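Heads up: the structure comes next, in structure tokens.
The basis for the numbers below is simple: all heavy atoms, side chains too, and nothing from hydrogens, waters or symmetry mates. Below, chains carry the letters A, B, ... as their sequence lines are ordered, and counting in each starts from 1.
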Amino acid sequence: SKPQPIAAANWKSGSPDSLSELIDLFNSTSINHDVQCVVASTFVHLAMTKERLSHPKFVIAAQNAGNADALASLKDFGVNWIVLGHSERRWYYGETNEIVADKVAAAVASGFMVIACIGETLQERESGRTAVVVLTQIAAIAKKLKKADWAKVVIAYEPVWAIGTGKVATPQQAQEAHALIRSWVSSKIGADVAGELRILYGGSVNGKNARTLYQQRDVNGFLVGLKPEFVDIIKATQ
Amino acid sequence: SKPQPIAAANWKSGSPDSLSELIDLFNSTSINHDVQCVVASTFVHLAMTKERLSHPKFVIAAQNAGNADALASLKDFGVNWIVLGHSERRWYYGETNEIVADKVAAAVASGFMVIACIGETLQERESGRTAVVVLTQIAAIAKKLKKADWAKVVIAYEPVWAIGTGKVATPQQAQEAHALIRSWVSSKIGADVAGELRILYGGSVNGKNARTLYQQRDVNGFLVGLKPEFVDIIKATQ
Amino acid sequence: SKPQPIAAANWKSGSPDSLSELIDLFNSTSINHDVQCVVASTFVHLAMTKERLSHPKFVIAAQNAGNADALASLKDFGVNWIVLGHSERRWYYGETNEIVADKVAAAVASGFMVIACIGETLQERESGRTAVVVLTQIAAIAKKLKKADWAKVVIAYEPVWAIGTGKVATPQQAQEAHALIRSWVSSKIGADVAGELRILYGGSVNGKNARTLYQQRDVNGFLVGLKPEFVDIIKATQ
């Protein structure tokens, strides 16, 4: 019943050696279930990742593409995945709902698989606005898409409200949010689309609480930071 | 006598683990005098610093806010300090005196404590224009502020004449610059504001010059790189 | 005969300490032959490298430019060399042949020594367009220069087609690229300019491969990653 899960991890910082070491680890990870793993890299590290990463269940993603030429350069380089709408961009780089929506449509048009992030802030959640905020964010994206395009879309629910707090969302809070999103998709886009849609939990987690989160009916994977424990996150989607 | 000193450290680069370990160091550091410690982060590291850093004498600062939305996201995230007009902004990104002044005024308006950086090049210094250059930079900032706003302002002198050319300024050179800045603030803004103003030294600081630098009449602390030796930089402000 | 070679290294990422240890290594290295060594980094690392680098055959470069208008201020900060037109900028940051040309000319007029990167993609090489692409890129640069400016210019042939493939161009492949560039410079700019022009091999290479590459008639050095093995790259220009 659940579609194919996705485990996706973002580079933050550190030496080329620290990255090549992770790549070696992932190349040597035997994964027995069907899962798409995604290593989202910064531009400066795409060359080394393309050079060293080779695993049948791993693809490379970009974290950003600031112009049409960048998208085209990524595709020419064999990078077919991209992460869009992450809170860092929305918070600090002026990326409104509409800007994010336009980027998703552009990337889809270019033939990217897109992991599109949505999520409400602390202030938004506490004023009881989780539903309106998150559904407004996905509505904006859907505005610029056709029904067929959804096969190229993955949604990450980023519990922006929990960033920096040291607390993972309970499986109940995560399920509620993922459920909220799927219901909107089912009703506004299509029951077929909703069933096939991957909705990833984009809060940080360890392997233990990731397993429990994955037991939730509307959780289809994770978007986390790149580190050795990403192997545990992959296994959590079994 | 001197106002409360400030010891402020800037993240440069390295892995999330490296930052984590530094946070562990600072959390366990005993500080027995009145000093405001500041850790200036890049966006990507703000989440871990908020999550892990907890010392009564430490606050978190941003290094940039490129737009109005970014200032607001920072404030909502509980980031109440910002460093503006630092050498990268002025000499790589070309922020003019006016752009810096506008940023300082906007941040103050939004409730931030601002560390505003000023400093002259070797061409400026060697051609006898240290005073006109440095004081013109601060004059641009002052134009956009009211007298009451100075309680939310901190000045940092970055001797880019030395930094950019491989020199280490002496305590005498640091003092002369700080004294120039203080006399300007005294003259233009008020002797009250001048006596209360923190002017931090932002040149090359090591374990042997830190105390002599702090003991200069017009130095009120430091703007330096984040390193384990920051503990000793803090100690030098006692 | 061959002009003075250049050995240039780009710092990728990682902690200040890791870079500082490399600077220590470089400082203790005898380099007996006539060669200009270049260490290029992002802006944040300039302070440390300026402070600590002592080797008399090394200079410090900025890893790229921001806007062409901000090159003058970066010169005044104290940077004397710059790398422009690197594939990363052309691919991801919208730097067309003409934007690269404008930056090169602006850097020269501000008194920089410039390493200007040119090279064709895998798609361009496969389609038989190595010469047209590379010569179009260098033609654009030349259009904004005068003959006297070439004394301040260095070309890096970046084998962009090989990026991410883990393979180095063969000496035959590198020589062919460098020779067609020089041939164009000789005819279009001047024989003497072409004789004095340094054309660097701008792909990562190790000591042994570098030594064989440097044997080629039109190879005048290297633009590579900043790592311990950079000492062997320098030695390979003997």
Side-chain angles (χ1 to χ4, degrees), chain A residues 2-63 74 77-83 113 115 154 156 198 200-214 219-238, chain B residues 14-21 44 48, chain C residues 12-15 18 162-168 204-206 209 225 227-229:
Chain A
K2 276 193 178 181
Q4 175 202 58
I6 296 168
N10 284 326
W11 180 255
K12 295 218 267 253
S13 67
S15 65
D17 281 0
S18 69
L19 182 57
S20 66
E21 287 167 18
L22 292 168
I23 291 172
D24 287 340
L25 194 239
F26 308 152
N27 284 345
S28 63
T29 305
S30 314
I31 305 150
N32 301 319
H33 68 287
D34 177 36
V35 53
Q36 181 66 258
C37 309
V38 180
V39 170
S41 167
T42 57
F43 295 126
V44 299
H45 293 306
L46 285 168
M48 197 176 75
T49 314
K50 185 78 171 312
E51 179 184 9
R52 292 167 183 251
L53 187 65
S54 193
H55 188 296
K57 310 189 169 171
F58 282 72
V59 293
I60 297 170
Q63 299 190 1
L74 291 165
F77 197 54
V79 177
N80 303 305
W81 283 70
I82 193 167
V83 178
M113 295 287 299
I115 300 175
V154 175
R198 277 76 67 82
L200 316 184
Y201 179 73
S204 259
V205 277
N206 57 37
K208 191 190 150 55
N209 55 41
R211 192 181 175 153
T212 298
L213 281 168
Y214 197 76
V219 171
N220 307 112
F222 300 99
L223 177 64
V224 297
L226 218 28
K227 49 194 176 46
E229 296 79 16
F230 182 52
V231 166
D232 304 328
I233 297 309
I234 296 157
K235 200 190 180 179
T237 66
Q238 76 194 160
Chain B
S15 67
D17 281 346
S18 72
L19 178 58
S20 191
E21 296 176 23
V44 71
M48 167 196 35
Chain C
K12 176 64 68 174
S13 66
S15 73
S18 69
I163 292 172
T165 71
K167 289 140 184 180
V168 56
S204 63
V205 65
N206 66 43
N209 295 347
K227 61 182 79 158
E229 297 69 33

* To do: Spell out, as yes or no, whether a donor-acceptor pair under 3.5 Å connects the side chain of A:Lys2 to the backbone of A:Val219.
  => yes
* If we only count heavy atoms from C-beta on, is the A:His55 to A:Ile31 side-chain gap below 4.5 Å? -> yes
* To do: Identify the heavy atoms of A:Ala210 and A:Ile233 that sit nearest to each other, and give their distance.
  => CB-CD1, 3.8 Å
* **A:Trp81 versus A:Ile60, closest heavy-atom pair with distance** => CB-O, 3.6 Å
* Structure fact -> One should read off an interatomic distance between A:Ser41 OG and A:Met48 CE, to the nearest 0.5 angstrom, of 8.0 Å
* Is the backbone of B:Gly14 close enough, under 3.5 Å, to the side chain of A:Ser13 for a donor and an acceptor to pair up by distance? -> yes
* Indicate yes or no: at least one non-hydrogen side-chain atom of A:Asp232 is less than 4.5 angstrom from one of A:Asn206. => no
* Asked: Is the count of non-hydrogen atoms from other residues, nucleotides or ligands lying under 6.0 Å from A:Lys57 atom NZ greater than 12?
  -> yes
* Structure fact -> In terms of heavy-atom contacts, A:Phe77 and A:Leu46 come closest through CE2-O, 3.8 Å
* With sequence neighbours left out, what residues match A:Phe222 under ring pair (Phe, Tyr, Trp, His ring centres under 6.0 Å)? -> none
* **Neighbour count above 12 (heavy atom, 6.0 Å) for A:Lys208 NZ** => no
* With sequence neighbours left out, what residues match C:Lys12 under salt bridge (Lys or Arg N to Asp or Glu O under 4.0 Å)? -> C:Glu88
* Hey, could you give me the CG/CG distance between A:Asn220 and A:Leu200, rounded to the nearest 0.5 Å? => 7.0 Å
* Check whether any side-chain heavy atom of A:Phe58 sits under 4.5 Å from a side-chain heavy atom of A:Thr49, and report yes or no. => no
* Passes side-chain contact (heavy atoms from CB on, under 4.5 Å), A:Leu226 versus A:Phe26? Steps please. -> CA-CA 11 Å; A:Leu226 218 28; A:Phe26 308 152; 3.6 Å; yes
* Is a side-chain donor or acceptor of A:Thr237 paired with a backbone partner of A:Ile234 at a separation under 3.5 angstrom? -> yes
* What is the minimum heavy-atom distance between A:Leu19 and A:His45, and which atoms define it? -> CD2-CB, 3.6 Å
* Structure fact -> Quick note, side chain to side chain donor-acceptor pair (under 3.5 Å) partners involving residues 20-32 of chain A, not counting sequence neighbours, are none
* Asked: Hey, is the main chain of A:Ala40 close enough, under 3.5 Å, to the side chain of A:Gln63 for a donor-acceptor pair?
  -> yes
* What is the minimum heavy-atom distance between A:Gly221 and A:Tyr214, and which atoms define it? -> N-CE1, 3.7 Å
* A:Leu22 side chain near A:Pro228 side chain, heavy-atom distance below 4.5 Å -> yes
* Structure fact -> So NZ of C:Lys167 and CD of A:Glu51: to nearest 0.5 Å the spacing works out to 10.0 Å
* Does any non-hydrogen side-chain atom of A:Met113 lie less than 4.5 Å from one of A:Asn80? -> no
* Which pair of heavy atoms, one from A:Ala9 and one from A:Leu223, lies closest together, and at what distance? -> N-CD1, 4.4 Å
* Quick check: are there more than 12 heavy atoms from other residues, nucleotides or ligands sitting under 6.0 Å from NZ of C:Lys227? -> no
